[PDB]
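A short write-up of the structure that comes next.
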Amino acid sequence: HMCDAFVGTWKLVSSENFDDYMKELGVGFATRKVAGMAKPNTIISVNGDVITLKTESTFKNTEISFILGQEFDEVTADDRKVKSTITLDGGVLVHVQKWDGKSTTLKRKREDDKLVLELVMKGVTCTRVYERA
Ligand SMILES: CCCCCCCCCCCCCC(=O)O
């Protein structure tokens, strides 16, 4: 039940400020050029308490599986080794990543028929809108 609203196959339809977000992350220029053009699919599924989130794109795929509230180690699309915790607060799936004394947040919520992803690092806010494939 908990994450039913998120389950599905979602395709990126719009993005704002992703370059600036990737810059704050430390992603290099070649990767930023590729990744700025990517239109990934995100596939969210659930098996009991275990949530899986796949991100697929031409250049790079990632997958994480997790239990809400339980820290896990993640290797990000840009090769960071982070400590991740994901919680569900008021319909918002909140993913925090911590590494090397830094933090970023990845927050997903439903907005009408869309899935909206907010990516925050320092002063940068990026907004990614996904629609059902
Ligand atoms: C899509 C290629 C991304 C490659 C490098 C940037 C990685 C940044 C962290 C990933 C942020 C998630 C973006 C998303 O799911 O839309």
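Letters for chains follow the order of the structure tokens (A, B, ...), residue numbers begin at 1 for each chain, and ligand numbers begin at 1 in the order shown.
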
(request) Output the neighbourhood of ligand 1 as a PyMOL selection string, that is, all protein and nucleic acid residues with some atom at most 8 Å from the ligand, counting only C-alpha atoms and all ligand atoms. (result) chain A and resi 12+21-22+25+27+31-32+34-36+38-40+42+55-57+59-61+76-78+106+117+119+128

Pull N, CA, C and O atoms from the residues just selected and write them as a compact mmCIF listing (two decimals), in the first residue's frame.
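This is the output file part.txt:
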# COMPACT_ATOMS: atom_id res chain seq x y z
N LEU A 12 10.95 10.90 -18.10
CA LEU A 12 11.22 12.31 -17.88
C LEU A 12 10.62 13.12 -19.02
O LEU A 12 10.93 12.82 -20.19
N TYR A 21 22.81 21.44 -10.70
CA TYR A 21 22.82 20.39 -9.69
C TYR A 21 24.00 19.45 -9.88
O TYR A 21 24.76 19.19 -8.92
N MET A 22 24.21 18.98 -11.08
CA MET A 22 25.36 18.14 -11.37
C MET A 22 26.68 18.80 -11.14
O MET A 22 27.63 18.22 -10.65
N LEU A 25 27.40 18.56 -7.52
CA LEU A 25 27.81 17.21 -7.22
C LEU A 25 29.21 16.92 -7.58
O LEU A 25 29.74 15.94 -7.11
N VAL A 27 30.17 16.48 -10.96
CA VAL A 27 30.17 15.71 -12.15
C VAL A 27 30.99 16.61 -13.17
O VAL A 27 30.87 17.80 -13.22
N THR A 31 30.38 14.35 -18.80
CA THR A 31 29.23 13.71 -18.31
C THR A 31 28.05 14.64 -18.21
O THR A 31 26.96 14.24 -18.51
N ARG A 32 28.29 15.87 -17.79
CA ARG A 32 27.17 16.81 -17.72
C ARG A 32 26.55 17.02 -19.09
O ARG A 32 25.33 17.10 -19.21
N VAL A 34 26.33 14.88 -21.60
CA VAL A 34 25.49 13.70 -21.91
C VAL A 34 24.25 13.66 -21.06
O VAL A 34 23.11 13.42 -21.50
N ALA A 35 24.48 13.82 -19.78
CA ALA A 35 23.41 13.68 -18.84
C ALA A 35 22.37 14.79 -18.88
O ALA A 35 21.17 14.54 -18.61
N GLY A 36 22.74 15.95 -19.32
CA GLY A 36 21.81 16.96 -19.45
C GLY A 36 20.74 16.70 -20.51
O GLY A 36 19.62 17.20 -20.36
N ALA A 38 19.83 13.53 -21.35
CA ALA A 38 19.17 12.25 -21.12
C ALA A 38 17.71 12.49 -20.73
O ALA A 38 17.32 13.47 -20.06
N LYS A 39 16.87 11.53 -21.15
CA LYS A 39 15.48 11.49 -20.80
C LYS A 39 15.20 10.11 -20.16
O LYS A 39 14.69 9.22 -20.79
N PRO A 40 15.63 9.93 -18.90
CA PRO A 40 15.51 8.64 -18.30
C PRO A 40 14.09 8.16 -18.04
O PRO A 40 13.16 8.93 -17.98
N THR A 42 12.19 6.06 -15.00
CA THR A 42 12.28 5.60 -13.61
C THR A 42 11.19 4.58 -13.42
O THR A 42 10.04 4.81 -13.72
N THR A 55 16.55 3.52 -12.50
CA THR A 55 16.68 4.64 -13.40
C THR A 55 17.42 4.16 -14.60
O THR A 55 18.54 3.71 -14.47
N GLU A 56 16.81 4.30 -15.78
CA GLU A 56 17.39 3.79 -17.01
C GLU A 56 17.58 4.88 -17.99
O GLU A 56 16.63 5.66 -18.23
N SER A 57 18.75 4.94 -18.59
CA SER A 57 19.01 5.88 -19.67
C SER A 57 20.03 5.31 -20.59
O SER A 57 20.71 4.33 -20.29
N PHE A 59 22.94 6.16 -21.51
CA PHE A 59 24.35 6.36 -21.05
C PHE A 59 24.63 5.58 -19.75
O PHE A 59 25.73 5.15 -19.52
N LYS A 60 23.60 5.40 -18.90
CA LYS A 60 23.80 4.88 -17.58
C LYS A 60 22.46 4.39 -16.98
O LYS A 60 21.42 5.09 -17.04
N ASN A 61 22.51 3.22 -16.32
CA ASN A 61 21.43 2.72 -15.54
C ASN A 61 21.86 2.59 -14.07
O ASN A 61 23.01 2.33 -13.79
N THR A 76 26.13 5.95 -6.70
CA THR A 76 25.26 6.81 -7.50
C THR A 76 25.66 6.73 -8.96
O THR A 76 26.72 6.19 -9.32
N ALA A 77 24.82 7.30 -9.83
CA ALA A 77 25.05 7.30 -11.26
C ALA A 77 26.35 7.98 -11.65
O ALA A 77 26.97 7.62 -12.65
N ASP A 78 26.79 8.96 -10.86
CA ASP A 78 28.01 9.63 -11.01
C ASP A 78 29.14 9.11 -10.09
O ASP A 78 30.17 9.76 -9.89
N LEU A 106 16.79 14.16 -2.58
CA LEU A 106 16.02 13.78 -3.75
C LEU A 106 14.62 13.51 -3.29
O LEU A 106 14.41 12.52 -2.55
N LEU A 117 10.22 15.22 -9.12
CA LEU A 117 11.49 15.02 -8.41
C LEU A 117 12.18 16.34 -8.21
O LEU A 117 12.44 17.05 -9.17
N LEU A 119 15.60 17.90 -6.63
CA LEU A 119 17.00 17.62 -6.32
C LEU A 119 17.62 18.88 -5.73
O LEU A 119 17.62 19.90 -6.40
N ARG A 128 12.51 17.98 -11.80
CA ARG A 128 12.44 16.96 -12.88
C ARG A 128 10.99 16.46 -12.89
O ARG A 128 10.56 15.93 -11.89

(message) I'd like to know which residues of range 2-132 of chain A are strand (DSSP E or B) (by DSSP, run on the backbone); could you write them as a PyMOL selection string?
(response) chain A and resi 8-16+41-47+50-56+61-67+72-75+81-89+92-99+102-111+114-121+124-132

(message) I'd like the contact shell of residue 104 in chain A - 12 Å cut-off, only C-alpha atoms, skipping same-chain residues fewer than 6 positions apart - returned as number ranges by chain.
(response) A: 21-22, 24-25, 76, 80, 82-85, 94-98, 118-126

Store the residues of this selection in a file with N, CA, C and O atoms, as a CSV table (one decimal), in the first residue's frame.
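Done, and the output landed in out_21.csv:
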chain,number,residue,atom,x,y,z
A,21,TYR,N,22.8,21.4,-10.7
A,21,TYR,CA,22.8,20.4,-9.7
A,21,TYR,C,24.0,19.5,-9.9
A,21,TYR,O,24.8,19.2,-8.9
A,22,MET,N,24.2,19.0,-11.1
A,22,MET,CA,25.4,18.1,-11.4
A,22,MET,C,26.7,18.8,-11.1
A,22,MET,O,27.6,18.2,-10.7
A,24,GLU,N,27.3,21.0,-8.8
A,24,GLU,CA,27.4,21.0,-7.3
A,24,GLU,C,27.9,19.6,-6.8
A,24,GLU,O,28.6,19.5,-5.9
A,25,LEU,N,27.4,18.6,-7.5
A,25,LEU,CA,27.8,17.2,-7.2
A,25,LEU,C,29.2,16.9,-7.6
A,25,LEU,O,29.7,15.9,-7.1
A,76,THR,N,26.1,6.0,-6.7
A,76,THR,CA,25.3,6.8,-7.5
A,76,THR,C,25.7,6.7,-9.0
A,76,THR,O,26.7,6.2,-9.3
A,80,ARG,N,29.5,8.3,-6.9
A,80,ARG,CA,29.7,8.6,-5.5
A,80,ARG,C,29.3,7.4,-4.7
A,80,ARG,O,28.4,6.8,-5.0
A,82,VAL,N,27.8,6.7,-1.3
A,82,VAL,CA,27.0,7.5,-0.4
A,82,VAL,C,26.3,6.6,0.7
A,82,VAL,O,26.1,5.4,0.3
A,83,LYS,N,25.9,7.1,1.8
A,83,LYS,CA,25.0,6.6,2.7
A,83,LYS,C,23.7,7.2,2.5
A,83,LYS,O,23.5,8.4,2.6
A,84,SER,N,22.7,6.3,2.2
A,84,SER,CA,21.4,6.7,1.9
A,84,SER,C,20.3,6.3,2.8
A,84,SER,O,20.3,5.2,3.3
A,85,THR,N,19.3,7.2,3.1
A,85,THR,CA,18.2,6.9,3.9
A,85,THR,C,17.0,7.4,3.1
A,85,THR,O,17.0,8.6,2.7
A,94,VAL,N,11.4,10.9,0.5
A,94,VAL,CA,12.5,11.7,0.7
A,94,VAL,C,13.7,10.9,0.8
A,94,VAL,O,13.8,10.0,1.8
A,95,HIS,N,14.7,11.1,-0.1
A,95,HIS,CA,15.9,10.3,-0.1
A,95,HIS,C,17.1,11.3,0.2
A,95,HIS,O,17.3,12.3,-0.5
A,96,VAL,N,17.8,11.0,1.3
A,96,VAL,CA,18.9,11.8,1.6
A,96,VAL,C,20.2,10.9,1.3
A,96,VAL,O,20.2,9.8,1.7
A,97,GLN,N,21.2,11.5,0.8
A,97,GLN,CA,22.5,11.0,0.5
A,97,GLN,C,23.5,11.8,1.3
A,97,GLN,O,23.5,13.0,1.2
A,98,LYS,N,24.4,11.1,2.0
A,98,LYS,CA,25.5,11.7,2.7
A,98,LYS,C,26.8,11.1,2.3
A,98,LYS,O,26.9,9.9,2.3
A,118,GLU,N,12.4,16.7,-7.0
A,118,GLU,CA,13.2,17.8,-6.6
A,118,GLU,C,14.5,17.4,-6.1
A,118,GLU,O,14.6,16.6,-5.1
A,119,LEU,N,15.6,17.9,-6.6
A,119,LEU,CA,17.0,17.6,-6.3
A,119,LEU,C,17.6,18.9,-5.7
A,119,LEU,O,17.6,19.9,-6.4
A,120,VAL,N,18.1,18.8,-4.5
A,120,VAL,CA,18.7,19.9,-3.8
A,120,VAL,C,20.1,19.6,-3.4
A,120,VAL,O,20.3,18.6,-2.7
A,121,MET,N,21.0,20.5,-3.6
A,121,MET,CA,22.4,20.5,-3.1
A,121,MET,C,22.7,21.9,-2.9
A,121,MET,O,22.7,22.7,-3.8
A,122,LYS,N,23.1,22.2,-1.6
A,122,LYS,CA,23.5,23.6,-1.3
A,122,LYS,C,22.4,24.6,-1.8
A,122,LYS,O,21.2,24.4,-1.4
A,123,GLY,N,22.7,25.6,-2.6
A,123,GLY,CA,21.7,26.5,-3.0
A,123,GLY,C,21.0,26.2,-4.3
A,123,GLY,O,20.2,27.0,-4.7
A,124,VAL,N,21.2,25.0,-4.8
A,124,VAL,CA,20.7,24.6,-6.1
A,124,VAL,C,19.4,23.8,-5.9
A,124,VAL,O,19.5,22.8,-5.1
A,125,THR,N,18.4,24.1,-6.6
A,125,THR,CA,17.2,23.3,-6.7
A,125,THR,C,16.9,23.0,-8.1
A,125,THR,O,16.6,23.8,-9.0
A,126,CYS,N,16.8,21.7,-8.4
A,126,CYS,CA,16.5,21.2,-9.7
A,126,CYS,C,15.1,20.5,-9.6
A,126,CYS,O,14.9,19.8,-8.7

(request) Taking the chain letters and numbering used in this document, name the residues of chain A that DSSP puts in alpha helix (DSSP H), as a ChimeraX atom specification. (result) /A:18-25,29-37

For the residues selected in the previous step, produce a file with N, CA and C atoms as a PDB file, in the first residue's frame.
ATOM      1  N   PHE A  18      19.208  21.069 -13.938  1.00  0.00           N
ATOM      2  CA  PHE A  18      19.956  19.844 -13.645  1.00  0.00           C
ATOM      3  C   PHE A  18      21.443  20.069 -13.806  1.00  0.00           C
ATOM      4  N   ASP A  19      21.863  20.889 -14.784  1.00  0.00           N
ATOM      5  CA  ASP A  19      23.267  21.157 -14.955  1.00  0.00           C
ATOM      6  C   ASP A  19      23.881  21.704 -13.694  1.00  0.00           C
ATOM      7  N   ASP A  20      23.239  22.723 -13.124  1.00  0.00           N
ATOM      8  CA  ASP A  20      23.714  23.352 -11.911  1.00  0.00           C
ATOM      9  C   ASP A  20      23.782  22.325 -10.777  1.00  0.00           C
ATOM     10  N   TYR A  21      22.814  21.443 -10.702  1.00  0.00           N
ATOM     11  CA  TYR A  21      22.820  20.395  -9.689  1.00  0.00           C
ATOM     12  C   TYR A  21      23.998  19.454  -9.876  1.00  0.00           C
ATOM     13  N   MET A  22      24.210  18.977 -11.081  1.00  0.00           N
ATOM     14  CA  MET A  22      25.362  18.137 -11.374  1.00  0.00           C
ATOM     15  C   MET A  22      26.677  18.801 -11.139  1.00  0.00           C
ATOM     16  N   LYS A  23      26.762  20.122 -11.388  1.00  0.00           N
ATOM     17  CA  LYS A  23      27.958  20.871 -11.067  1.00  0.00           C
ATOM     18  C   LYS A  23      28.286  20.802  -9.593  1.00  0.00           C
ATOM     19  N   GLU A  24      27.262  21.017  -8.763  1.00  0.00           N
ATOM     20  CA  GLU A  24      27.447  20.967  -7.273  1.00  0.00           C
ATOM     21  C   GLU A  24      27.868  19.596  -6.848  1.00  0.00           C
ATOM     22  N   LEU A  25      27.397  18.564  -7.523  1.00  0.00           N
ATOM     23  CA  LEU A  25      27.814  17.213  -7.224  1.00  0.00           C
ATOM     24  C   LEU A  25      29.208  16.920  -7.576  1.00  0.00           C
ATOM     25  N   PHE A  29      32.521  17.866 -16.919  1.00  0.00           N
ATOM     26  CA  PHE A  29      31.858  18.486 -18.084  1.00  0.00           C
ATOM     27  C   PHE A  29      31.402  17.452 -19.119  1.00  0.00           C
ATOM     28  N   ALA A  30      32.194  16.424 -19.451  1.00  0.00           N
ATOM     29  CA  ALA A  30      31.704  15.511 -20.461  1.00  0.00           C
ATOM     30  C   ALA A  30      30.425  14.792 -20.069  1.00  0.00           C
ATOM     31  N   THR A  31      30.377  14.355 -18.796  1.00  0.00           N
ATOM     32  CA  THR A  31      29.230  13.709 -18.306  1.00  0.00           C
ATOM     33  C   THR A  31      28.054  14.641 -18.213  1.00  0.00           C
ATOM     34  N   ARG A  32      28.286  15.868 -17.795  1.00  0.00           N
ATOM     35  CA  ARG A  32      27.174  16.807 -17.720  1.00  0.00           C
ATOM     36  C   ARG A  32      26.552  17.023 -19.093  1.00  0.00           C
ATOM     37  N   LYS A  33      27.356  17.074 -20.157  1.00  0.00           N
ATOM     38  CA  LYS A  33      26.783  17.264 -21.498  1.00  0.00           C
ATOM     39  C   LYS A  33      25.880  16.089 -21.853  1.00  0.00           C
ATOM     40  N   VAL A  34      26.325  14.883 -21.599  1.00  0.00           N
ATOM     41  CA  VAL A  34      25.493  13.697 -21.912  1.00  0.00           C
ATOM     42  C   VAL A  34      24.253  13.657 -21.058  1.00  0.00           C
ATOM     43  N   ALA A  35      24.482  13.818 -19.783  1.00  0.00           N
ATOM     44  CA  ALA A  35      23.405  13.676 -18.839  1.00  0.00           C
ATOM     45  C   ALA A  35      22.368  14.785 -18.878  1.00  0.00           C
ATOM     46  N   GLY A  36      22.743  15.947 -19.321  1.00  0.00           N
ATOM     47  CA  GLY A  36      21.807  16.964 -19.452  1.00  0.00           C
ATOM     48  C   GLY A  36      20.738  16.702 -20.505  1.00  0.00           C
ATOM     49  N   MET A  37      21.144  15.980 -21.562  1.00  0.00           N
ATOM     50  CA  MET A  37      20.308  15.537 -22.695  1.00  0.00           C
ATOM     51  C   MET A  37      19.489  14.264 -22.398  1.00  0.00           C
TER      52      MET A  37
END

(request) Just give me the gap between CA of residue 64 in chain A and CA of residue 4 in chain A in Å, one decimal is fine. (result)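 The value is 17.3 Å.
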
(request) Write out as a ChimeraX atom specification which residues come within 8 Å of residue 115 in chain A when counting only C-alpha atoms, dropping same-chain ones fewer than 4 positions away. (result) /A:6,10,108-111,129-131

(request) Select, from A:127, A:62, A:87, A:17, the residue with the minimum atom-to-atom distance to residue 49 in chain A, counting only C-alpha atoms. (result)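 Under the stated criterion, the closest residue is A:87.
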
(message) One decimal, in Å: what's the spacing between CA of residue 86 in chain A and CA of residue 71 in chain A?
(response) 7.6 Å
